[PDB]
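Chemist: show me how the following folds:
(chains A, B, C, D, E, F and G)
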Amino acid sequence: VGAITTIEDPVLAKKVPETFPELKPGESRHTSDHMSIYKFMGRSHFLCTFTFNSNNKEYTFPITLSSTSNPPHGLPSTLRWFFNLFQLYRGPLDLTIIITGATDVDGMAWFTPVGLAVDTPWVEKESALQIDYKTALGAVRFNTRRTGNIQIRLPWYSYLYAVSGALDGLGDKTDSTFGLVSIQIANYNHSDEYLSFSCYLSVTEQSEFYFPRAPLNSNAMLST
Amino acid sequence: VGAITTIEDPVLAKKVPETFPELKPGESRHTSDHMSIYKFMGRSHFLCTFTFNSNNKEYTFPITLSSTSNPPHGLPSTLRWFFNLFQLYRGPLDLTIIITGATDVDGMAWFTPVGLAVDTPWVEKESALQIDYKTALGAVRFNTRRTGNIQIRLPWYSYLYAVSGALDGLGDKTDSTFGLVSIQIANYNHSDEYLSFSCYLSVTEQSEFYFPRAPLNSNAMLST
Amino acid sequence: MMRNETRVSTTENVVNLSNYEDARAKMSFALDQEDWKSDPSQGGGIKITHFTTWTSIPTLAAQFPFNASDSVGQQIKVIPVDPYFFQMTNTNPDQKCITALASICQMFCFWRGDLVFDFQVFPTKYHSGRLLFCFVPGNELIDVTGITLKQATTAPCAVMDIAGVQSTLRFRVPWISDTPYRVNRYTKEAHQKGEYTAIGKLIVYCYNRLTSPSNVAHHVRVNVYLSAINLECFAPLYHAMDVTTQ
Amino acid sequence: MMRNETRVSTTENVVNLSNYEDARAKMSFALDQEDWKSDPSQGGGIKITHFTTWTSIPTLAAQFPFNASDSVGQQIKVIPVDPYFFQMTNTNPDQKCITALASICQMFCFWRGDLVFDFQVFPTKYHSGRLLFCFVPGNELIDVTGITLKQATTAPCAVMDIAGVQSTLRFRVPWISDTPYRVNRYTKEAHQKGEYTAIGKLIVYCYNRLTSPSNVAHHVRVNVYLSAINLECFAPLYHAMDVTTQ
Amino acid sequence: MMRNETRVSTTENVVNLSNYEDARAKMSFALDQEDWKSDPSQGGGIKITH
Amino acid sequence: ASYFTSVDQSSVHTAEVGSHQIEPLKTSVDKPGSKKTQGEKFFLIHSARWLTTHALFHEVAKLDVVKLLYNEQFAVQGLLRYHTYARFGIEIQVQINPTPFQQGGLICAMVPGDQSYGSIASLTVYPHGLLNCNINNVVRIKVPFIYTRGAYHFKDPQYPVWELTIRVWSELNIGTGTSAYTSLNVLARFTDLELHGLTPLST
Amino acid sequence: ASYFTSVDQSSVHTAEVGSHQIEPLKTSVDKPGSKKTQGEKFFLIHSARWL
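Modeler: Residues are numbered from 1 along each chain as shown, chains lettered A, B, ... in the order given. Please find the structure below.
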């Protein structure tokens, strides 16, 4: 009987459809499930990459959930796909960056909340900020010889209830930015050996997601 | 009724002011508070920086809570601001220094209480002290290849009940110094590669603070 | 006396991006390592932990016409059965309309379950006619066209009537395959024997002709929805599934 | 047989200055790792763990005159509502007088609460007159000047009398904003739509004129205090807040 | 499956001569790590700790 | 104690005369007007035509809900104009008039913020309802409040809260001579409306 | 039932999503605006001089 329904009436839309005779399809054989969001996005995913061409230059990139900004500057691949399925987001993120190439390089990375005075996004230039201004916001000082990779949790500091990935114009310039991560290099002296970085973003267990949207039409998804 | 009071009478100054109708503003959403001193100053802050231009030279700096000494020699940024809000201080400090640049460098840092025979502050010169005099006061011997950073707790050793940040003249030269930290380098042999240091001061959970003062007028706060 | 010893094992200092437990952050910028409480307030009580929220919502796969000039037994439209199937397109802006069930599985290697098609007619009350939805288990590379109408009633099918107050037919393909899991071949380039995507093809016949008076249109368009139940997945990846056309 | 093994994770040997737990010292110079007991003795029992000790104490924000030549309805002084607001200055020595509530929030990104202004008149007993303090919720970039007196009584306000034994009015701005937290924009250079500091502007009108006999001065100066309650903060930083002038 | 992980903190491999607990020896030449009992015998009962 | 607050030394008791009288015979029998009777009523939004020349996935009416409800015409303008901030839910009516000799259908989807990119064929994910000449001419959609701040701001809003969209779900068709169009109407009301932030500055 | 009254043959149940959420942390602490807070406040009328 369940093979006929009126979908123009939403009350009958929650009916359990039946068509032919069936059996219960047993169980799933592997223990964990892969459809829980906190697992699928539990895996880390790609974010961005940049290289330094000279000593004592500082680099800065925002983490922008906007759909409008197209890669190489923006969210590529999966993240661009994942943050557009749902309307809102809040809660911390787990950031992992990976160092390659040259060695014996000191560096100090900090995190800057949205709106505060900070270097221009996606621009590689000498730092304009007072050294006293940097360490106040908090920072980690890392050397490339010993580790070469850093896994650190970005906090949630914002004056917004939450951040959104689908916006247009005047709103998209403000609400859609999560925060800025910056990396300064020092003692790069030889310009050879090609020091390069890469970032990887992950989602925590304290993150939330709200109000499912529609997925992106194929011409939207891109790659670097 | 609470909208009128006499502030020239201190008993009525502790009244709870009310003006318009209000509601209790719920809760704070993040667990930790940022207004507890042991948290805000729980974060480390900047102190000083210096570089060595030749092998086998020793450097020494006091930790001076005085407001009179202006940076680069003195307290910069936040600390200069923080130690002038309150009149007195006592208890240990947590010191973290960070090494950069050249490698395979042995060094031995010691701590010298106030008043005892010691190298001249803010002067980079060959050590005048007997090697037998150094290790007695206690010291840590560190190599730059392996670590490059050291986090060590300065003790409270002084003949004063406590130390103060606001003083003038004859008193400010004596009471206002917490103690001296010194660093000697050895095997620096190649003058290249630019060995440099930086310090970061933090406050413990055993520190105390007394008798709140007035904050500093803006022309006082400075940066390096 | 201090005695503590540990042998440092192999695989020293290797970043594992595999699963979450190896992606979790060791340190934090968060002042005093504070934690965030949940805040349902502005979200409308709607929290999403599970992709079932998308895949349980019907979406528009395809739209095929039904014409009065089509004699009995003629195949109107042939559909493969996979979540990957959407033929829709748009003009302004140029784009490829994707279903929801597709965009969830386009990130995954394998799947199993039951794809539920929902056929929605848009007739008047004055048209009359029937259709036959014939499920043909198999793979998608078989030749489906040489099938007549009489031969089709063998396979499972359901006959629908166009007139009435029920415009919608829910048709649930039972999962039938030799292997417990199908696979996503569109990433890989060419075909291979034994490696399949669909569980078989769907057919829609014209069971009776389409009759109607003069003053109404003679052809009834029918949308085709798509959605799943008991859907399982694993082995994520990134892929852009192109529109399957004909 | 000895078996102990540990895999060294990523982020080996990274100094974290973020929060205290990562700043705490591993080793010590202290002889025999001794500990210090508390010593309240010479301090007068006053120990400071919390910045509320400063922010709960009123301080001098601004001083504006009140003149008998000002006809009814004229705006004497307009104030934005933020802890960052102090217009005071001095000559010897050259300096910028900062309030207490300012110097606490000048180190922080965000805040919320209720700023309590305290207006203190300094009249004789023989003056008489009233004022109107009109709160105008909004942001600080709005145009406040084109407001008449009759239009102001709509917004919340309080009418004060100058003569009496109560010279002080405590006026508590209720927190009203679209966002739970305001922000410190003075670090950043230019303006941006949607990013605000104040919760709105304050106005002080002349509600009745100022009457007085001949042998007393004709103008009554009024200081303006500032202090907060229910104040929250986070995200520290270093900043020098310049005097906001007019 | 083996899972054990420890992040190596800052101040790796730093000799601290400050207080005794950091001066105590990790290893020993003493055969089979033997220990010495007290021996008041020839000293005349006089022991000096202070 | 409401808002305007007098602080006076010299004050005095007021002089009443009489007191509130109930009416033994009422002048008007309708409920005394208030917020719940004013703000929450149904209001008209957009009225357009739906023609056969509209192709598939053509957009009949693209609406901005909150921007349209705020106008001198509708008596809900009374409250919203003197209040700076608001938060609220929305309800929606979409009413058409098919003649049974026609055929086709529409979709009415409430999208928060903007559509932006995401697929047209997925609009059945958003809260929606389907118009069809076979079944029903009416849909009711009711959505709670979604936004990236605490409350909406009417003078200079950041971005439109609920921007309603309507796409043609299947091409309209008729026979020979049949009426080629149909009227289309939209109704909306605020729900559980809460206001804050009084202010003159709106004038 | 308020004033605007629909009389329809064909009508249908509405489709909700979510539901009214209380705020664990309020955006504005003042009383929600209504008639009693609007109509009944003090307003200014005439301002003149007495000579």
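
Chemist: quick one, helices of chain A?
Modeler: A:37-40, A:77-82, A:131-136 (DSSP state H).

Chemist: that should have said chain C, apologies.
Modeler: Under the criterion DSSP H, helices of chain C are mapped to C:20-23, C:52-55, C:100-105.

Chemist: next: chain F.
Modeler: Assigned by DSSP H, the helices in chain F fall at F:35-38, F:65-69, F:77-81.

Chemist: of all those, which one is nearest chain B?
Modeler: Among the helices of chain F, helix F:35-38 comes nearest to chain B, with 17.4 Å by CB to the nearest CB. To be clear about C-beta, it is placed using only N, CA and C from the backbone, and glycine gets the same treatment.

Chemist: identify the residues contacting the closest one?
Modeler: Identification of contacts with helix F:35-38 by CB atoms under 8 Å, 6 or more residues apart in numbering or on different chains yields F:31, F:75-76, F:78-79, F:193, G:2-3, G:34-35.

Chemist: show me what counts as buried in it.
Modeler: Neighbour-count burial for helix F:35-38, with 16 or more other CB atoms under 10 Å in any protein chain shown as criterion, is recorded at F:35, F:38.

Chemist: using PDB, write out every CA atom in that helix.
Modeler: C-alpha atoms of helix F:35-38 as PDB (Å, rounded to 0.1, in the frame of the first residue of the first chain):
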ATOM      1  CA  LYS F  35       0.700  44.200  19.600                       C
ATOM      2  CA  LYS F  36      -0.600  40.600  19.100                       C
ATOM      3  CA  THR F  37      -3.500  42.000  17.200                       C
ATOM      4  CA  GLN F  38      -1.400  44.400  15.100                       C
END
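
Chemist: what distance do you get for residue A:173 to residue F:159?
Modeler: In this view, residue A:173 and residue F:159 are 10 Å apart by CB to CB, to the nearest Å.

Chemist: looking at these two, which is more packed in?
Modeler: Ranked by neighbour count (other CB atoms under 10 Å in any protein chain shown), residue A:173 and residue F:159 place residue F:159 first, with 22 against 15.

Chemist: my read: that one touches residue F:113, true?
Modeler: Yes - shown here, residue F:159 and residue F:113 form a contact pair, counting by CB atoms under 8 Å, at 6.0 Å.

Chemist: now do the shared contacts for the two.
Modeler: Joint contacts of residue F:159 and residue F:113 (CB under 8 Å, 6+ apart) are A:167-168, A:171.

Chemist: so what's residue 176 up against?
Modeler: Going with chain A. Residue A:176 is in contact with A:64-66, A:163-165, A:167, counting by CB under 8 Å, 6+ apart.

Chemist: I was after chain F.
Modeler: Listed by CB under 8 Å, 6+ apart, the contact partners of residue F:176 are C:214-215.

Chemist: OK, contacts around the residue of chain A found nearest chain E?
Modeler: Of all residues in chain A, residue A:146 sits closest to chain E, at 8.2 Å by CB to the nearest CB. If a contact means CB under 8 Å, 6+ apart, then residue A:146 has B:148, D:12-13 as its contacts.

Chemist: from those residues, which are also near chain A?
Modeler: B:148, D:12-13 (CB under 8 Å from any CB of the partner chain).

Chemist: so residue A:154 touches residue A:181, yeah?
Modeler: Yes - the pair residue A:154 and residue A:181 qualifies as a contact (CB under 8 Å) at a distance of 7.2 Å.

Chemist: anything in contact with each of those two?
Modeler: The contact sets of residue A:154 and residue A:181 overlap at A:63, A:95, A:111 (CB under 8 Å, 6+ apart).

Chemist: chain G: which of those is nearest?
Modeler: Closest to chain G, out of all of the shared contacts of residue A:154 and residue A:181 and judged by CB to the nearest CB, is residue A:111, at 23.4 Å.

Chemist: on that earlier part again, what subset of the shared contacts of residue A:154 and residue A:181 is buried?
Modeler: Among those, the ones that count as buried by 16+ other CB under 10 Å are A:63, A:95, A:111.

Chemist: so what's the second one up against?
Modeler: What it means is residue A:95. Per CB under 8 Å, 6+ apart, neighbours of residue A:95: A:151-154, A:181, A:199-202, C:25.

Chemist: would you map the strands across the chain?
Modeler: Picking chain A for this. Counting by DSSP state E, chain A has these strands, from start to end: A:4-5, A:45-51, A:58-64, A:86-90, A:93-100, A:106-112, A:123-125, A:139-143, A:149-154, A:163-164, A:177-186, A:196-203, A:208-212.

Chemist: looking at chain C here, not the other one
Modeler: Under DSSP E, chain C gives strands at C:7-8, C:27-28, C:59-64, C:77-80, C:108-121, C:130-137, C:157-161, C:168-172, C:182-183, C:200-206, C:222-236.

Chemist: residue D:60: which of those is closest?
Modeler: Distance to residue D:60, taken as CB to CB, is lowest for strand C:27-28 among these, at 40.0 Å.

Chemist: can you name the residues in contact with the closest one?
Modeler: Residues from elsewhere that reach strand C:27-28, judged by CB under 8 Å, 6+ apart: A:140, A:151-153, A:155, D:11, D:14, D:16, D:18-19, D:22.

Chemist: write the ChimeraX selection for whichever of the residues you listed are buried.
Modeler: In ChimeraX syntax, the buried subset of the contacts of strand C:27-28 is picked out as below (16+ other CB under 10 Å):
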select /A:140,151,152,153,155 /D:11,14,16,18,19,22
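
Chemist: any chance of JSON lines for the contacts of strand C:27-28, columns distance to chain E?
Modeler: Listed next are these as JSON lines, based on distance: CB to the nearest CB, whole Å:
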{"residue": "A:140", "distance to chain E": "11"}
{"residue": "A:151", "distance to chain E": "10"}
{"residue": "A:152", "distance to chain E": "12"}
{"residue": "A:153", "distance to chain E": "14"}
{"residue": "A:155", "distance to chain E": "19"}
{"residue": "D:11", "distance to chain E": "6"}
{"residue": "D:14", "distance to chain E": "8"}
{"residue": "D:16", "distance to chain E": "8"}
{"residue": "D:18", "distance to chain E": "13"}
{"residue": "D:19", "distance to chain E": "14"}
{"residue": "D:22", "distance to chain E": "9"}
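
Chemist: identify the bridge partners of residue 95.
Modeler: Since no chain was named, I'll use chain A. Residue A:95 forms beta bridges with residue A:152, residue A:201, as assigned by DSSP bridges.

Chemist: sorry, I should have been clearer: chain F.
Modeler: The residues that residue F:95 bridges to, once DSSP bridges is applied, are residue F:138, residue F:185.

Chemist: can you count the residues close to it?
Modeler: Neighbours of residue F:95 using other CB under 10 Å come to 17.

Chemist: report the contact partners of it.
Modeler: F:137-138, F:184-185, F:187.

Chemist: chain F against chain B: which residues are in contact?
Modeler: Within reach of chain B by CB under 8 Å from any CB, chain F has these residues: F:1-3, F:5, F:7.

Chemist: now residue A:46. Nearest residue, chain neighbours left out?
Modeler: What sits nearest to residue A:46 in space, not counting adjacent residues and going by CB to CB, 6 or more residues apart in numbering or on different chains, is residue A:77, at 5.5 Å.

Chemist: would you confirm that the one you found contacts residue A:220?
Modeler: No - taking contacts as CB under 8 Å, residue A:77 lies outside contact range of residue A:220: 12.0 Å.

Chemist: neighbour-wise, which of the two wins?
Modeler: residue A:220 (20 against 17).

Chemist: how near is the residue most central in space within chain C to residue C:17?
Modeler: Closest to where the C-alpha atoms of chain C average out (CA atoms, centre = their mean) is residue C:83, at 2.2 Å. According to CB to CB, residue C:83 stands 27 Å off from residue C:17.

Chemist: same question, residue A:188
Modeler: According to CB to CB, residue A:188 stands 27 Å off from residue C:17.

Chemist: get me the contact residues on chain C for chain G.
Modeler: So chain C meets chain G at C:39-46 (CB under 8 Å from any CB).

Chemist: go with 10 Å
Modeler: Residues of chain C lying close to chain G (CB under 10 Å from any CB of the partner chain) are C:37-47.
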